[PDB]
Amino acid sequence: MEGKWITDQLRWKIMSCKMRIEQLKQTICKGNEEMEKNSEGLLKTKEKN
Amino acid sequence: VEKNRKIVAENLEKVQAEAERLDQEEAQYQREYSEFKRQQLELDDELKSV
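Per the PDB record, the structure was determined using cryo-EM to 4.5 Å resolution.

As named in the PDB entry, chain B is Beclin-1, taken from Homo sapiens.

As recorded in the PDB entry, chain A goes by the name Beclin 1-associated autophagy-related key regulator, listed as coming from Homo sapiens.

A.B. asks: Now, about the overall build of chain B: what can you tell me, with residues and values included?
C.D. replies: Looking only at helices and strands, one finds one helix and zero strands in chain B. The C-alpha radius of gyration of chain B comes to 21 Å, more than 25% above the 10 Å expected for a compact globule of 50 residues. Over its C-alpha atoms, taken along the principal directions, chain B stretches across nearly 70 × 10 × 5 Å.

A.B. asks: Explain the overall build of chain A to me, and be specific about the residues and the numbers.
C.D. replies: Helix and strand counts for chain A come out as one helix and zero strands. Principal axes of the C-alpha set define a box for chain A whose edges measure 70 × 10 × 5 Å.

Cut-offs applied
In this document, residue positions are counted from 1 along each chain in sequence order, independent of how the entry numbers them, and residues without coordinates are left out. Naming scheme: in the order in which they are written, chains are lettered from A and ligands are numbered from 1. All values in this description refer to the chains shown, which are themselves only part of a larger assembly. Excluding hydrogens and water, the side-chain values take into account all heavy atoms of the structure. Residues with missing side-chain atoms are left out of burial classes, side-chain pairs and their counts. Helical segments are the DSSP runs of H or I of at least four residues, strand segments are the runs of E of at least two, and each set is numbered from the N terminus. Between the two quantities, the radius of gyration covers C-alpha atoms and the globule rule is 2.2 Å times the number of residues to the power 0.38.

Written as structure tokens, this is what we have:
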């Protein structure tokens, strides 16, 4: 089982990494959406100014 | 993404701060104008009286 333990250690990192990569992508997607909302707001506010 | 969001947010805040200042100045103009408007209405009634 010593070998299997090492493999499962990698599998935890992999599943965690996939979750982290997915969460990072989701966060980046939200950030771009917010930057877009802020940019749209900025344009309207610049016109408002 | 965070840096760009921070920059866009900073620009929005700066533009909003100017908007609030302009809104306060616009309110003050309405107040002063109201004083001149009262006078204008008073003078029109006074002129017609004279």
